[PDB]
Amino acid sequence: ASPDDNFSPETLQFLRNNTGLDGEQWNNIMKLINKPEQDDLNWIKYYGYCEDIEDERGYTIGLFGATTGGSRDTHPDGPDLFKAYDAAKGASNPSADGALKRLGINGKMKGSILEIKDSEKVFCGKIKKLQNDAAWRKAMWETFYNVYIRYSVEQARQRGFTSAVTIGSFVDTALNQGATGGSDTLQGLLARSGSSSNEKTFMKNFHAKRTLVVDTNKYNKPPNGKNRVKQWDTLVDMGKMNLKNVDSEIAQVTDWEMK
């Protein structure tokens, strides 16, 4: 195992200081999130994930579904990811354009979208190469943090909850259904989850409310949604809230067929 190698030295310091969780805990969280997202526990392979999913959002890249932008995604997070990479590489005036230049990618920021001129073969080929680039891993995590993790950690701390299971479950919810906005988002679900000060009770309630909307086709293909939340709820029932020394348990709860 040795979860630490799945990150980078600087990334672990960042995650520990801002989320209070360590390498093993984040590694376990990622296994649980990657199962319903890519049906693959080997999540580090997705640092270099790049693909045009023909959904009019440009290219989908990385671990958390960031896109480069398209007619149907005019507020993508991809530009932020690239700017973060430029920053991680030391740019004093970091920018998505600076990042593309460093990478030798023929593309530019057009408005709030990234306009890529290279073919998918060329573009994604370059992204694939970044899988073990420490700066790319750092940029990936910083962006994942700004888009979904920060808010999830804030919601947990507001309620006096700091467990790995709670944070991981909130993050899975935000990533899959959105952080804020409608009743189906992390924000919306929390508003309907009660006010129990007992972490286990609260999470059992939260998971029950999430199960009602998780299988709506737009979020997951049934019964994948029900199964993804079941993973977290099971850990709560087993009392494995700290997500440390749970390799066999994780192997057991992710043992389910997608679709």
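Residue indices: 1-based, along the sequence shown.
Higher mean CA temperature factor, per the PDB entry, when comparing 116-124 with 155-163: 116-124. Averaged over CA atoms, B-factors in the entry run higher in 197-205 than in the other of 30-38 and 197-205.
The maximum CA B-factor among the listed residues 92, 143, 176, 187, taken from the PDB record, is found at 92. In the deposited entry, the Cα temperature factor of residue 98 sits in the middle third of values across the chain's modelled residues. Among the modelled residues of the chain, residue 43 sits in the middle third by CA temperature factor in this PDB entry.
For residue 86, the recorded CA B-factor ranks within the lowest third of the chain. Only modelled residues enter the ranking.
Per the deposited record, the Cα B-factor of residue 25 falls in the lowest third when ranked against the other modelled residues of its chain.
Among all modelled residues in its chain, residue 73 ranks in the highest third by Cα B-factor.
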